[PDB]
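*Asks:* Shown below is the structure under consideration.
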Amino acid sequence: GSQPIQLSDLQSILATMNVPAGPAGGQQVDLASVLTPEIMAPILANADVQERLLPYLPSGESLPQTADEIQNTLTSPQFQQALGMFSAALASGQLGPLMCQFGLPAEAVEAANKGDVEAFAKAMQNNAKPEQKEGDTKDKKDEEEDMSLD
């Protein structure tokens with residue numbers, strides 16, 4: 001014959017199906033590792049979110065009333081406490097439309113509406129640092145198998 005070699009073997013692979021992706025393990029993420037006081041200050045300085053942080057006022061009772069406060073504490077007990085409370089407030093209460101009332105970033109409202117801090121982290125991460133390099137290396141390869149005559 002023409003020696004096609006079994007055939008059936010390369011047919012068995014065509015019985016494969018497309019399986020969905022797994023969530024892996026979504027739960028929490030440290031926002032303070034990417035969200036700096038420079039980002040959180042203008043947002044937490046809004047009365048809209050402050051009002052929602054009232055039932056979650058950080059240790060000390062007196063929460064950062066202005067952006068200068070948050071930008072001063074940097075990553076001190078005040079910031080880490082406020083970060084946690086803010087994360088809880090948006091997750092349970094869901095700020096959603098409140099974020100758009102002050103004209104805050106879309107990344108914030110998307111996450112705050114769902115109450116998902118992971119989506120917020122990813123959005124902020126990629127917003128600040130975009131992934132761009134490109135390295136396909138394809139096309140114009142071919143084989144020229146038949147080409148063997150001179």
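In the structure tokens, each chain is lettered A, B, ... as it comes, each chain's residues begin at 1, and ligands are numbered from 1 in order of appearance.
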Could you name the residues that touch residue A:53 at 12 Å or less, counting only C-alpha atoms, but leaving out those on the same chain fewer than 5 positions away, as a PyMOL selection string?
*Replies:* chain A and resi 44-48+58+61-65+81-95
*Asks:* Just the residues within 8 Å of residue A:68, please, counting only C-alpha atoms, with nothing from its chain fewer than 3 positions along; format it as number ranges by chain.
*Replies:* A: 41, 71-72
*Asks:* Quick one, how far is atom CA of residue A:109 from atom CA of residue A:131?
*Replies:*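 Between atom CA of residue A:109 and atom CA of residue A:131 the gap is 22.3 Å.
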*Asks:* Using only C-alpha atoms, find the one residue out of A:25, A:60, A:42, A:4 that sits nearest to residue A:105.
*Replies:*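 The shortest atom-to-atom distance to residue A:105 comes from A:42.
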*Asks:* Pick out the closest residue to residue A:33 from this set: A:69, A:15, A:80, A:145. Count only C-alpha atoms.
*Replies:* A:80
*Asks:* When DSSP is applied to the backbone of this structure, which of chain A are assigned alpha helix (DSSP H)? Write them out as a ChimeraX atom specification.
*Replies:* /A:8-12,37-44,47-53,67-73,77-88,97-101,106-114,117-128
*Asks:* What gap, in Å, lies between atom CA of residue A:116 and atom CA of residue A:27?
*Replies:* 8.6 Å
*Asks:* State, in Å with one decimal place, the distance from atom CA of residue A:98 to atom CA of residue A:32.
*Replies:*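 Distance reported for this atom pair: 22.1 Å.
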*Asks:* Between A:121, A:52, A:97, A:108, single out the one closest to residue A:29, counting only C-alpha atoms.
*Replies:*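 So, comparing all the options, the nearest one is A:121.
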